[PDB]
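Single-structure report; data block below.
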Amino acid sequence: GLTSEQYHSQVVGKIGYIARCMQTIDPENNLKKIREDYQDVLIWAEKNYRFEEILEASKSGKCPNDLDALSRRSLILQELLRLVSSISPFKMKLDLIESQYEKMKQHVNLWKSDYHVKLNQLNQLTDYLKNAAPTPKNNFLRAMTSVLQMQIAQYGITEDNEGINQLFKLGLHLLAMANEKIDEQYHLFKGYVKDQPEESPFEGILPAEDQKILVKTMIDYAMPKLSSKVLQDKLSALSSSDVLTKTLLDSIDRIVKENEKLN
Amino acid sequence: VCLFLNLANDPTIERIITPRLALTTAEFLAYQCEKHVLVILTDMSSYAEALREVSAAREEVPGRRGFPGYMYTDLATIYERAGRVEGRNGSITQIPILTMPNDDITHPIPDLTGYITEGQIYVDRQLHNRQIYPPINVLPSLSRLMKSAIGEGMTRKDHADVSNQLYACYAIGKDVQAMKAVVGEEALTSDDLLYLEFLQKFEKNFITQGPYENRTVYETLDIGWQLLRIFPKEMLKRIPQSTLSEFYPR
Amino acid sequence: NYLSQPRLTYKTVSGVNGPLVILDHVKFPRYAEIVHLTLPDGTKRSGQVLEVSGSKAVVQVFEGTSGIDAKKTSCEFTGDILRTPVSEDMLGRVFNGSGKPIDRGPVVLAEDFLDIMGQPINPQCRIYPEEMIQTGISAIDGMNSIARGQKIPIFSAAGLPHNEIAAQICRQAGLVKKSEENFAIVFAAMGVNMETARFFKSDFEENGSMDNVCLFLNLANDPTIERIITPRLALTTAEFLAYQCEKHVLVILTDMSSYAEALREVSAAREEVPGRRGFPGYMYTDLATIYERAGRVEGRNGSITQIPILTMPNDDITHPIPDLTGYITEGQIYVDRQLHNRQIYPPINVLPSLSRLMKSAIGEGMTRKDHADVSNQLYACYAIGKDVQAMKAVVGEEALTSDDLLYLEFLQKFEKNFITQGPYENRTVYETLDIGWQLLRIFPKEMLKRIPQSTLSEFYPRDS
Amino acid sequence: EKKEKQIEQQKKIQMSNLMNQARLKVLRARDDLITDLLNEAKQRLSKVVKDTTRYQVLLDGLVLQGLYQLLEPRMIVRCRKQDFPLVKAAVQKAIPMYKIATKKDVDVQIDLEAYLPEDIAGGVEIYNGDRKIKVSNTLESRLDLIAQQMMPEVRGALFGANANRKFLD
Amino acid sequence: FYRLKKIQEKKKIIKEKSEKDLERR
Amino acid sequence: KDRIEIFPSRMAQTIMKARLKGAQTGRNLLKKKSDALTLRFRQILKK
Amino acid sequence: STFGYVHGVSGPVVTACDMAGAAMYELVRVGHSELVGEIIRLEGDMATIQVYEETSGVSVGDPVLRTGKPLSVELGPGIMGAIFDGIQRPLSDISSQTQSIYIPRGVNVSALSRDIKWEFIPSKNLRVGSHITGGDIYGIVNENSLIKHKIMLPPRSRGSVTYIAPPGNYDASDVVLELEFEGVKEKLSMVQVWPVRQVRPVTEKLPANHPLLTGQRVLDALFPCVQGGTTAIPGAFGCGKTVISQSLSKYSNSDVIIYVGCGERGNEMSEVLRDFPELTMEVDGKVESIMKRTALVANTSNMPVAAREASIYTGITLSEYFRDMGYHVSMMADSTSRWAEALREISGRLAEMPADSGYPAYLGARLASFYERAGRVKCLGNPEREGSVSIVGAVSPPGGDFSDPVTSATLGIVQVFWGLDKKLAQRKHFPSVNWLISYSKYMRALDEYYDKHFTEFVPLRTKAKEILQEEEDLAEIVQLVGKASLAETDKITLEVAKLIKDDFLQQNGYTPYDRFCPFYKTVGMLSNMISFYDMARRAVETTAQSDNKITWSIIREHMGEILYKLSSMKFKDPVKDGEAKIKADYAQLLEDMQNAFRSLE
Amino acid sequence: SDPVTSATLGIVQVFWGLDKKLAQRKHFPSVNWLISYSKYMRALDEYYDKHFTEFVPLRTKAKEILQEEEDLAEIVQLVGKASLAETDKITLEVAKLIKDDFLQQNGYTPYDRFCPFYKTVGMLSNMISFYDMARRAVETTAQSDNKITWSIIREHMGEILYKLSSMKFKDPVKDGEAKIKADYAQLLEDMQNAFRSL
């Protein structure tokens, strides 16, 4: 058990941290159904109280000062902000954010939740890419992670979606795969794009410069197989696309199958 | 319930005032408010080791295994804070708990406790290894107040005779089990096989119970008679003929 | 650099008690300082400051306190602790337990002066042990093989030949001579009787090995502080020779049981209370300060290997001296009263003996490829042979099988040819392994289950 | 067969004994050269005592180096009888320097009632008031203490460095 | 061990009384 | 009886360790005797 | 003043004067070489110091400089990959700076280097005026590719931020935060300092729920440990300890590893310090050094006795610091028996009453209070997180006598015993864990985890423990019954016990398919072996009751391919074969054995 | 175990230990030949080589016989001699002869008040000569239709066993060195003739 000076210092600190979280999830007071639950702590951030004046108010029982209730409240607001922060370019609807909040508030235990697992998997997948150098594995992971963030911005974390759940399995399997095994990395990424519902998987998800590189890096992988100059020149004609599509992969595969028949 | 807690990471000299805070609370409840109080003291072995630690730091006279020379007199100031008094309707019952070091009942902590308390309940590693529960071994155990808490109008008239005959049969069964380890089953007489059958049925039926089974004294005594009737009545030499003739034929 | 200041001489003796002289009015007393006493008749003695408190110092005198008085005795404080001169000129020399010459050579010109207490080797700088030290004795080299940088005691008892074994190891030890002048020995002997000390000095001159050897002798009636100093002079020399001159040094320390008797006496003179079994409570930290002055170190081509030698009371391995030695060292070589009574020499018993580093010393490029297999199979045959020999007295020799009779033949020829060796007979590891194969060839090659088929194919058959 | 097998070791025993006895004789030769070095140093130092200007500057140092070891309220200085005028001058130079440095008052006396032997090369001895503590600054004492401490530098300067000693740590 | 301590204490007390007597002298 | 009644000393330790090695040796020789008799008994039962 | 003076010296004990404000158990530096010691008595304006180093040459009037602190750890960036001793001297920096093979007396290198510059990122939404409390993460240092080192406000510190440093590169001596409370200002760098003998505080201490997986089939199935658990192992020569140490270091679900040597032999300590840098693990498809997530405390038997005793308190204080960042830590102590002997020697120097076998009266309380630092926790301070420390302590019962005071106390405290065994190592049975002597008391705490994630496993564990116990009862019967005359049910037990023993309990750690065995592979293997056993028992017990009997000979003659596939299950490679592929193959053995038994019946 | 004994055995070159069993069984001098030691046996080696020549091989074999009997005696207590080989019966019976008729010596009678070293070497020479001949007769008739045993030797040689066990009764004050040597040499001839006749 904490000493009284420790215990009340942790209450002052944890009231202060909820204000930092609320100012980060919502700089504008858009999330009004969320703020109306937390207003009973945020009132202590709305005016200066110098640490010491919340410390006296906490000792006096004027503040909420049950560290268990303050911990439960803080974990919900933190696990919401992790989701909104892990989806970097894309944005949720306010009606979706306040739905994720209600589903989290209803949960028995967030640490043991599948929501927390899916967030840890998304951060495991995202933090690797913050320092990653350009190479086929890292380009495939930037593509799949951008698609995954975009789908999570459409459907949230709180319900199973076969696209999201398959794209977690694909992304984490490629992340764990040995960096020397380029044949397996290309095979896995092509196998993903072949199982996408759409003809173009990255359409507005990804920069056209990166989509051009995804076409180019498959042409550069296929071209060393081709013994016929005509098949090399037909493969080279596919480099006219700046969009990665099932048709591009099928065309590279078709030219590779013509080479496998030719030799 | 009232809880006083000192943990393995709390100061070791608090341990010598902890049970005295508990027993002072029990005395107010029993002898001023007239409650019936049950007092549980957990590892008197930790109390006694904290007492050895304090006394060693004062360079006081050692007793056995380096314990304080006055440890009997100290433990007596804890254990004698129990019982009933004239003209007041409350009571204090104490159930201390000991860990015996290397399982040795002759170690100073169980030794000086057994000289002060009105008996002991003894929990045996060999019964626990065999997955019997509760692992209570009757032979090292005692109750000094049992003799006048039982019998006609107290419990049932047979209780003392049944109890002493179960002690005799269990002790002889245990001596046959030690003998059979030297000579093998083929050397045993038919009388030895009765005590060796009693030993095996007693541990399964009487001793083994499970953590929420709650038997009456009358259930306990009738389980007792179901095991004593393994023998002919002429082998039941602790029991007088009046008790046999009434309770054995069932 | 230099100490430069003139020395103070005091006639301020307050008291004399046991081995101790107490002085007062001493100027800023230094703990463990060396001092020189001059007696009323002009005799000279020396001592060391055992405690200081304010202007008082107490000196333990190495020689007696007899003839000392408070009026005429003078004490000269030298300003400094005990340091030893050290050089490569110490190989071929004999010294007493204070480092003074006893060979009629001159006193040492220092290449350096070193503090005999040393410093602990950094755990980051110690590298793991490697190749063999060849002792020349088959029961050690063949089955309890010693690695460069190991420490391994000989365990013995009073009246057993452990000094004759130590002397034989000293005369015979070296590197394996596969396919050196970089090998040296420091031999230290504590509490030695004059018969044993004359034997060591005579045997190394007579059998002409002194050019590799530095010898320190401390006799049974030398000062007991010189016995405390003796292992520290020896190991301060081995540290100069190994880690500055890049030699492989073998260190033999003789009766660590005699050393502990002096340690208990200096402890009693400090008025400390006797510890567990009557030895000082700090005797582990003291013995570990001797035994861990050993090993190989990174970036230097030398090493120190230690063979402590110990005598056990009642032949009991559970006494503090062998017991604490077992927690610090890595193996034991066991000297046996029954083999000694049976007139076998050296009476080394291979069943309780062990070298824990043997796998690091032996095999291809370090001894021979079959060494591990031969060692494992000779142990396995001897452990069965002793068990057949026991049942022969129960069942009688007519109930023994043909395989029991092979183990009964191996047992006799193993003890007569492998274990039994002359005190001046030197066997290389290669000769030891060849004597090992002559015995294994008693058996059908199917019996040799500890040896793989490749080793049996290369070594079981005789060849021209 | 065992006798014949040891014929090489039987010769090594003779060779190693011859070579180690050769080394003992070379060590005695080297020790005599060091003994001559210390005698030349004792002679050159005795010549410095005949220069009363240099020897006054020595006396000035040997006296005050003595007073700084004792640090007593009262001290007695003892000298050779013919050095007394130089010793008196040295004590008169030393007393103000002692008082400035230590912040103590002092009484320093020169002994006229006993002297160091005229056999002494030079320098002084100093005693506390009751003579139960002394410090020796005779020039034989200076030379002996300095010479024994610089012996690792003397060995290397005269006879050269050891080619086997790769490390000084 | 317990009897060899207590001798150390009684000796320490005798030394301290002797030192106090040397402060009285 | 639980113990052999000898009075505690280093002499008593030396004696009781000599008895322990004695009894543990006796058991191993008698276990060999039991096997050798039993091997003959399981042979002549076939005869 | 900060200086007193030496009044007297007697062995390792120094008496000092002008020591009036010096507290009990402060550290001091004694003499011109600055030897370390601690204050053990106060009397008047004098102190008695127990010096840790050789006192030879210390003089009356020598300076005694006092440190205002007890024995404590520098906690900050530079700990990962570091080698320390029991009092936190940096053995590799001392080597590098001195260019010597020895440790100098009174050496005073700081444990964390003040010349290395660290890339620091602040917590983004902290600003001037922000309220901050002990355990709050206020920035992160990228220490290496694996460990993000989270800079925290110390326990017993609180206030309002008056300065926070911008993103940049900083020395460990640079101020990176200032805060104010009651008008008093505290300035802070990346290094905090904590007393080794004080437990680091937490918001809550929690029950341990999640397995500490090792990749061994034994251990992970039969004798599991939890994260936050406590374990003991026998520390002896032939038994093969290194499988525990190396499986924890390479393959456990730990985030950080702390290893303590606490008075080991010089050549043993040299083997650990050689071997650990050469160990590697695969992270995100890239091979990384173990020394990126590991720190070593190392002590040989000739180090100061104060270091050999402090060692486990240094190692646990380092472990608690990474727990507080929200990491999971495993701590290994190389032998707690060597630690207890140092504690005994210290009580001997202090002339304390010799209690049990010469050990001080407090031995069992010191062991209990040490193992009470293990556990899962809710950390102090604002970003809500969980960490844990799990302890493995080796112990060396003399001749195997478990009634030894240190062993008896240890097995009285710890909740797992992994009984490594020399006899199994001599049989080449590896890993050498004895399944009869070993135990785990965490099997109830893991019930909710196994129910949620695996669901079939608790029955399989229970049946497997019974089969291995039945064979140990049947052995003494077989010695009389002559094997052939045994019941067919019991022949099935003996031969399935052999199947589990040779093909599940054994695991060749040198081979690519068995270096690590994941828990799906582990339960899949056991599930099939127990499925075969139940079907073999059912075939015998259905027929032998009154029909022409099936026998274990008939089963072996009919099913030798199935029995060979079962022995082949361990060769499946978790890297070359996917989880779903291995599971599908293990389902095919179940289909094949059910078909084979349906054709027999 | 004693501090005085432990200190003394750290110093002295010879130790003659007692056996309380020999003392209680009134065997004198009660010296324990399995814990006693001398560290002068290599120093005396040139004296024995110059003045006696025969002795060191006899002493060596005697110490072997006495240790082999101590190894046998622990086992015959359990299993009752019935399995014991003839060479081992020969070993027990010569160990008794040495113990009772050489190592035993009455200090209070004219013939054994002082035993000179020629009397000592002569007695031991004859007892070890008997062991060589007796062991050879047994071994050299294993694998044979006619096999020698200890009992056959005892029945054939009872008067030699009487003469051997009686060699101690020679009085060196009455009988000169030449007579004692001639008597002991005649007993060797009597032994050789008796074994050749077997």
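Identifiers in this document derive from the order of the structure tokens: chains are assigned A, B, ..., residues are numbered from 1 separately in each chain, and ligands are numbered from 1 in order of occurrence.
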
Surrounding residues of residue 239 in chain B excluding itself and chain neighbours under 6 positions, 10 Å, only C-alpha atoms, as an MDAnalysis selection string: chainID B and resid 158 160:165 233

Contacts of range 5-18 of chain A within 8 Å, only C-alpha atoms, excl. fewer than 4 positions in-chain, as a ChimeraX atom specification: /A:22,41-42,44-45,51,54-55,58-59,65-67,70-71,74,77 /G:130-134,156,158,380-383

I need the residues from that last selection saved to file as a PDB file, in the first residue's frame (with C-alpha atoms), if you can.
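Listing of out.pdb after writing:
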```pdb
ATOM      1  CA  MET A  22      -8.785  15.006 -23.108  1.00  0.00           C
ATOM      2  CA  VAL A  41     -12.373  15.573 -12.983  1.00  0.00           C
ATOM      3  CA  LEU A  42     -11.867  18.133 -15.811  1.00  0.00           C
ATOM      4  CA  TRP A  44     -10.016  20.728 -11.588  1.00  0.00           C
ATOM      5  CA  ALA A  45      -8.049  21.443 -14.826  1.00  0.00           C
ATOM      6  CA  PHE A  51      -0.536  20.965  -7.688  1.00  0.00           C
ATOM      7  CA  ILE A  54      -5.588  19.787  -5.642  1.00  0.00           C
ATOM      8  CA  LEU A  55      -3.403  17.980  -3.039  1.00  0.00           C
ATOM      9  CA  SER A  58      -7.833  15.412  -2.564  1.00  0.00           C
ATOM     10  CA  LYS A  59      -6.936  14.994   1.159  1.00  0.00           C
ATOM     11  CA  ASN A  65      -9.802  10.281  -4.866  1.00  0.00           C
ATOM     12  CA  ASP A  66     -10.461   6.520  -5.289  1.00  0.00           C
ATOM     13  CA  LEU A  67      -7.338   5.494  -7.271  1.00  0.00           C
ATOM     14  CA  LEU A  70      -9.471   6.963 -11.407  1.00  0.00           C
ATOM     15  CA  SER A  71      -7.370   4.069 -12.873  1.00  0.00           C
ATOM     16  CA  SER A  74      -7.892   6.710 -17.168  1.00  0.00           C
ATOM     17  CA  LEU A  77      -9.594   7.389 -22.128  1.00  0.00           C
TER      18      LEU A  77
ATOM     19  CA  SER G 130       1.808  20.548 -16.028  1.00  0.00           C
ATOM     20  CA  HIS G 131       1.196  18.569 -12.787  1.00  0.00           C
ATOM     21  CA  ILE G 132       3.571  15.581 -12.544  1.00  0.00           C
ATOM     22  CA  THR G 133       4.020  12.785  -9.902  1.00  0.00           C
ATOM     23  CA  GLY G 134       6.491   9.952  -9.093  1.00  0.00           C
ATOM     24  CA  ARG G 156       9.016  10.570  -3.645  1.00  0.00           C
ATOM     25  CA  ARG G 158       6.084  15.576  -7.388  1.00  0.00           C
ATOM     26  CA  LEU G 380       3.397   4.105 -10.230  1.00  0.00           C
ATOM     27  CA  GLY G 381       2.595   7.205 -12.257  1.00  0.00           C
ATOM     28  CA  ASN G 382       0.414   8.494 -14.991  1.00  0.00           C
ATOM     29  CA  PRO G 383       0.582   6.445 -18.280  1.00  0.00           C
TER      30      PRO G 383
END
```

All residues 8 Å or closer to range 105-117 of chain B, only C-alpha atoms, same chain fewer than 6 positions away omitted, as a PyMOL selection string: chain B and resi 44-45+48+64-65+67+71-72+75-76+79-80+98

Run DSSP on the backbone and tell me which residues of range 7-164 of chain A come out as alpha helix (DSSP H); list them as a ChimeraX atom specification. /A:7-25,32-42,52-59,67-86,94-106,114-129,136-155,162-164

I need the contact residues of chain B against chain E, so if you could list those with any atom within 9 Å, counting only C-alpha atoms, and return them as a VMD selection string, that would help. chain B and resid 59 61 to 62

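Note that CA of residue 308 in chain C and CA of residue 105 in chain G are 27.1 Å apart.
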
Taking the DSSP assignment computed from this structure's backbone, write out as a list in words all residues of chain H that belong to strand (DSSP E or B). residues 14, 15, 18, 31, 37 and 38 of chain H

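Near residue 109 in chain D, within 12 Å and counting only C-alpha atoms, sit residues 63, 67, 73, 74, 75, 76, 77, 78, 79, 84, 87, 88, 90, 91, 92, 94, 95, 125, 126, 127, 128 and 129 of chain D, not including residues fewer than 5 positions from it in the same chain.
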
Could you write out that same residue set with C-alpha atoms as a PDB file, in the first residue's frame?
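Written output follows (again.pdb):
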```
ATOM      1  CA  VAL D  63      67.933  20.131   9.861  1.00  0.00           C
ATOM      2  CA  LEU D  67      62.168  19.258  12.557  1.00  0.00           C
ATOM      3  CA  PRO D  73      57.561  21.796  21.346  1.00  0.00           C
ATOM      4  CA  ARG D  74      61.280  21.178  22.208  1.00  0.00           C
ATOM      5  CA  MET D  75      64.005  19.478  20.098  1.00  0.00           C
ATOM      6  CA  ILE D  76      67.746  18.692  20.424  1.00  0.00           C
ATOM      7  CA  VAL D  77      70.047  18.566  17.342  1.00  0.00           C
ATOM      8  CA  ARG D  78      73.308  16.530  17.357  1.00  0.00           C
ATOM      9  CA  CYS D  79      76.167  16.882  14.834  1.00  0.00           C
ATOM     10  CA  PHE D  84      78.859  22.776  14.792  1.00  0.00           C
ATOM     11  CA  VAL D  87      74.736  23.368  12.180  1.00  0.00           C
ATOM     12  CA  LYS D  88      74.185  26.505  14.345  1.00  0.00           C
ATOM     13  CA  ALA D  90      71.280  25.884   9.761  1.00  0.00           C
ATOM     14  CA  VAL D  91      69.175  25.837  12.999  1.00  0.00           C
ATOM     15  CA  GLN D  92      68.979  29.681  12.937  1.00  0.00           C
ATOM     16  CA  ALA D  94      65.278  26.653  10.092  1.00  0.00           C
ATOM     17  CA  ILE D  95      63.414  28.067  13.191  1.00  0.00           C
ATOM     18  CA  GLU D 125      70.398  13.631  14.248  1.00  0.00           C
ATOM     19  CA  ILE D 126      67.419  15.309  15.983  1.00  0.00           C
ATOM     20  CA  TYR D 127      65.702  14.251  19.232  1.00  0.00           C
ATOM     21  CA  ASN D 128      62.591  15.267  21.151  1.00  0.00           C
ATOM     22  CA  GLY D 129      63.073  16.953  24.597  1.00  0.00           C
TER      23      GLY D 129
END
```

Kindly provide, as a ChimeraX atom specification, the residues of chain G having any atom no farther than 9 Å from an atom of chain D, counting only C-alpha atoms. /G:99-102

Residue list for chain B near chain G as a ChimeraX atom specification, 6 Å, only C-alpha atoms: /B:8-9,53,65-66

Please report as JSON lines every residue of chain F lying within 12 Å of chain G, along with the nearest atom pair and their distance in Å (one decimal), using only C-alpha atoms.
```
{"residue": "F:35", "atom": "CA", "partner": "G:479", "partner_atom": "CA", "distance": 12.0}
{"residue": "F:38", "atom": "CA", "partner": "G:480", "partner_atom": "CA", "distance": 11.4}
{"residue": "F:42", "atom": "CA", "partner": "G:480", "partner_atom": "CA", "distance": 11.8}
```

For the residues in that selection, give me N, CA, C and O atoms as a PDB file, in the first residue's frame.
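out-v6.pdb written:
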```
ATOM      1  N   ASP F  35      20.487 -62.258  -5.001  1.00  0.00           N
ATOM      2  CA  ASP F  35      20.404 -62.490  -6.443  1.00  0.00           C
ATOM      3  C   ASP F  35      21.034 -63.821  -6.842  1.00  0.00           C
ATOM      4  O   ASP F  35      20.428 -64.576  -7.589  1.00  0.00           O
ATOM      5  N   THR F  38      18.805 -66.625  -5.832  1.00  0.00           N
ATOM      6  CA  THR F  38      17.578 -66.579  -6.632  1.00  0.00           C
ATOM      7  C   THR F  38      17.807 -67.024  -8.067  1.00  0.00           C
ATOM      8  O   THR F  38      16.948 -67.680  -8.636  1.00  0.00           O
ATOM      9  N   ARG F  42      15.549 -70.038  -9.613  1.00  0.00           N
ATOM     10  CA  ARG F  42      14.829 -69.964 -10.891  1.00  0.00           C
ATOM     11  C   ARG F  42      15.412 -70.865 -11.977  1.00  0.00           C
ATOM     12  O   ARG F  42      14.697 -71.193 -12.912  1.00  0.00           O
TER      13      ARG F  42
END
```

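For the atom pair formed by CA of residue 516 in chain G and CA of residue 442 in chain G, the distance is 22.3 Å, given to one decimal.
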
Which residues are close to residue 10 in chain F, i.e. within 12 Å by only C-alpha atoms, leaving aside same-chain residues fewer than 2 positions away? Reply as number ranges by chain. C: 277, 313-314, 316, 318-319; F: 6-8, 12-17; H: 1-3

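Taking CA of residue 76 in chain A and CA of residue 105 in chain A as the two end points, the separation is 6.5 Å.
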
Counting only C-alpha atoms, which residues in chain C sit no more than 10 Å from chain F? For each one, give the nearest pair of atoms and the distance in Å, sorted by chain then residue number, as a tab-separated table.
```
residue	atom	partner	partner_atom	distance
C:314	CA	F:14	CA	7.7
C:315	CA	F:14	CA	9.8
C:316	CA	F:14	CA	8.7
C:387	CA	F:29	CA	9.9
C:390	CA	F:29	CA	7.6
C:391	CA	F:32	CA	6.8
C:393	CA	F:29	CA	9.1
C:394	CA	F:33	CA	6.4
C:395	CA	F:33	CA	6.9
C:399	CA	F:36	CA	8.6
```

Neighbours of residue 68 in chain H within 9 Å (only C-alpha atoms; same-chain residues fewer than 5 positions away dropped), as a PyMOL selection string? (chain C and resi 342) or (chain H and resi 63+73+88+91-92+95)

With only C-alpha atoms as the counted atoms, please give the residues lying no more than 10 Å from residue 324 in chain C, apart from itself and same-chain residues fewer than 5 positions off, as an mmCIF file with C-alpha atoms, in the first residue's frame.
```cif
data_model
loop_
_atom_site.group_PDB
_atom_site.id
_atom_site.type_symbol
_atom_site.label_atom_id
_atom_site.label_comp_id
_atom_site.auth_asym_id
_atom_site.auth_seq_id
_atom_site.Cartn_x
_atom_site.Cartn_y
_atom_site.Cartn_z
ATOM 1 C CA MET C 283 38.630 -18.075 6.321
ATOM 2 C CA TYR C 284 36.667 -18.518 3.020
ATOM 3 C CA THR C 285 37.459 -14.921 1.876
ATOM 4 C CA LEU C 287 41.549 -18.814 1.046
ATOM 5 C CA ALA C 288 39.719 -17.366 -1.998
ATOM 6 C CA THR C 318 33.759 -32.398 5.654
ATOM 7 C CA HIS C 319 36.240 -30.404 7.832
ATOM 8 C CA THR C 329 38.680 -24.831 -6.633
#
```

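Nearest-residue note for residue 354 in chain C: choosing from C:174, C:142, C:423, C:396, the minimum distance belongs to C:142, counting only C-alpha atoms.
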
Please find the residues of chain H near chain F - the criterion being any atom within 9 Å, counting only C-alpha atoms - and write them as an NGL selection string. :H and (1 or 74-75 or 78-79)
